[PDB]
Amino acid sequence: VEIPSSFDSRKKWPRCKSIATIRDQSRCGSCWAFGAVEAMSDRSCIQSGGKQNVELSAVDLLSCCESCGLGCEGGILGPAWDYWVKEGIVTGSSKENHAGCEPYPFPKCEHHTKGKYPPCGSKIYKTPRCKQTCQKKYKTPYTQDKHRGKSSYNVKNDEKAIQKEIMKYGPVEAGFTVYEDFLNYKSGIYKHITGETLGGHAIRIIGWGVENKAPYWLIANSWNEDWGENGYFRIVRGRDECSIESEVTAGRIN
């Protein structure tokens, strides 16, 4: 009937391989776009009963959405999802996977931690141009590869509402405020104690649990599988921690 004390989208739809996928946005501020295309890829898979097994292109949205902000310099969550509805997004994997219509052009790197990939550093790339043509060897026309949703919406700033929204329809995108101490997160349930504000980050909430009495959101970051708890992090649920319950945005394919 109700909300379980714990839930994990990977556990309900494990056929949907995108749910368990951790991406890397590279030396680019495209978080806004990733949490969008990630939740959408999850939700297309979930909502069509499995028939929509696709990986949507972060670069299609990052570069072609004209009302979504500043590209590699930062974006708006609501319009991103609106772009998905009116205009749609083509397929595109990552750089080192080379798949789909418009795959990501930037290589994987380490975000505030030592790993396998070369360190990201602090340079930011210019927002790619809007292509409108697929990569040479993917033959489906750009305009035909567009996958659209039927609706976009903000979810209410409401713990229980966010929970039902995830369970019934899939992961949601959400923004939160980054304070300096987040850049030192390694594991555990994150809460802002110390540090100045640096900006906002958009991520994908996949579930929630409770670790000995302590409630949390399970969140997929997009700084590759090396950062945090194998890509994922956890943050205090229930108290609008860093406004994590304020900027929740999603939509549906039908």
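Residue positions are given as counts along the sequence shown, with the first one as 1. Throughout, rigid core stands for the largest set of C-alpha atoms superposing within 1.5 Å between the two forms.
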Fill in the blank from the handout: Superposing the other structures by the rigid core, the farther-displaced stretch by RMS over CA atoms in 7 other deposited structures of this protein, of 81-89 and 111-119, is 111-119
Practice task
Could you settle it for me: does 219-227 or 52-60 have the higher average Cα B factor in the PDB entry?
Solution key: 52-60
Problem - Of 147-155 and 133-141, the one with larger mean CA B-factor - result: 133-141
Handout entry: Most elevated Cα B-factor in the entry, residues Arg204, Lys186, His201, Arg43
Key = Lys186
Completion exercise
Comparing C-alpha B-factors across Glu173, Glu73, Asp82, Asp181 in this entry, the winner is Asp181
Practice task
Consider only the C-alpha atoms of the modelled residues in this chain, order them by B-factor as the entry records it, and name the third containing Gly92: lowest, middle or highest.
Solution key: middle
Fill in the blank from the handout: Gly195: CA temperature factor from the record, placed by chain third, in the highest
Fill in the blank from the handout: On the chain's distribution of Cα B-factors, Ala39 falls within the third called lowest
Problem - Relative C-alpha B-factor of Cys65, binned into the chain's lowest, middle or highest third - result: middle
Practice task
Could you tell me which third, lowest, middle or highest, the C-alpha B-factor of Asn212 occupies within its chain?
Solution key: highest
